[PDB]
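Here the sequence shown stands for residues 0 to 201, where the numbers follow PDB author numbering.
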Amino acid sequence: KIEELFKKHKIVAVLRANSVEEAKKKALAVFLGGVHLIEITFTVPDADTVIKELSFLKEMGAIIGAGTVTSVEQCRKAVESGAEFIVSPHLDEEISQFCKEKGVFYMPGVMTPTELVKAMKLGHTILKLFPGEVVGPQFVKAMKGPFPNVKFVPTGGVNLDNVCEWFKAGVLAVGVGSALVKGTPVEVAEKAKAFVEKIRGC
Numbered sequence: 000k001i002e003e004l005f006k007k008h009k010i011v012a013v014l015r016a017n018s019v020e021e022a023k024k025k026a027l028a029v030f031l032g033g034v035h036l037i038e039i040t041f042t043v044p045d046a047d048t049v050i051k052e053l054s055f056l057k058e059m060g061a062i063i064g065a066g067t068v069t070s071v072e073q074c075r076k077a078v079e080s081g082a083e084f085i086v087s088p089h090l091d092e093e094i095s096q097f098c099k100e101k102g103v104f105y106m107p108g109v110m111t112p113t114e115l116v117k118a119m120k121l122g123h124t125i126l127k128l129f130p131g132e133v134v135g136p137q138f139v140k141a142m143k144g145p146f147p148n149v150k151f152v153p154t155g156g157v158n159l160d161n162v163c164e165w166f167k168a169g170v171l172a173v174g175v176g177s178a179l180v181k182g183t184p185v186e187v188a189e190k191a192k193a194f195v196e197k198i199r200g201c
């Protein structure tokens, strides 16, 4: 299901912005450019309102989730406002449990083998790898040995020059923030197109 969406789309826009209006415009830009998985981070002011106001894009096939979720209270608001998936930078046992009871897909972030194993023990096999620019594809390749059945979605520094290396290392999808989302709506929509083509291209 959610696994299958990540597998199909291969890219999630990690949307940080200074306002509701900027966040919505960038989410539309990205969608118009072919990115269907959209993660509204909780560093966006009133991130819940943004998720609720983008709810209609679901009817056009957009998949709207929440990122930078750091407490169960934030998790509740996101789900209440229609988030189809929850992402955090870290592994949160409390958010894991809440999302399990609520029946919503949670992708915790991990940076070490010990964190990875704890996440697996909590039932997760699709992991956010964060920050990707610190560990790199090297980390993803290293994990294939001992943990052949874990799959990563790196966030952090993924860009046009390295996106194909990441996929060569064995990642399931990539989460792209500033390389995709920074700039004006027009620039973002265009960069969205470039990433889709570059990803298809490899």
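By construction, the Cβ of each residue, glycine as well, lies at the ideal position given by its N, Cα and C atoms.
query, result
"Three-way DSSP call (helix, strand, coil) for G200 in this model", "coil"
"Inter-residue spacing [alpha-carbon to alpha-carbon] between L14 and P147", "30 Å"
"Own chain, CB closer than 8 Å to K6, minus 5 neighbours either side, in chain order", "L171 and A172"
"Three CB pairs or more closer than 8 Å across the region 91 to 106 and the region 128 to 140", "no"
"Reduced DSSP secondary structure (H/G/I, E/B, other) of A172", "coil"
"Reference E20; option with closest CA among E196, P184, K190 and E189", "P184"
"Rounded straight-line distance, which links the Cα of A193 to that of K181", "14 Å"
"Local conformation of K150 per DSSP, three classes", "strand"
"Nearest to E164 (by Cα), restricted to the options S177, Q137 and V187", "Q137"
"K76, buried or exposed, once every other Cβ within 10 Å from all chains shown has been counted against 16", "buried"
"Distance, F41 Cα to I50 Cα", "10 Å"
"Nearest-angstrom Cα separation, counted from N17 out to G102", "30 Å"
"Cβ pair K127, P107 closer than 8 Å", "yes"
"Where the alpha helix (DSSP H) through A22 begins and ends", "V19 to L31"
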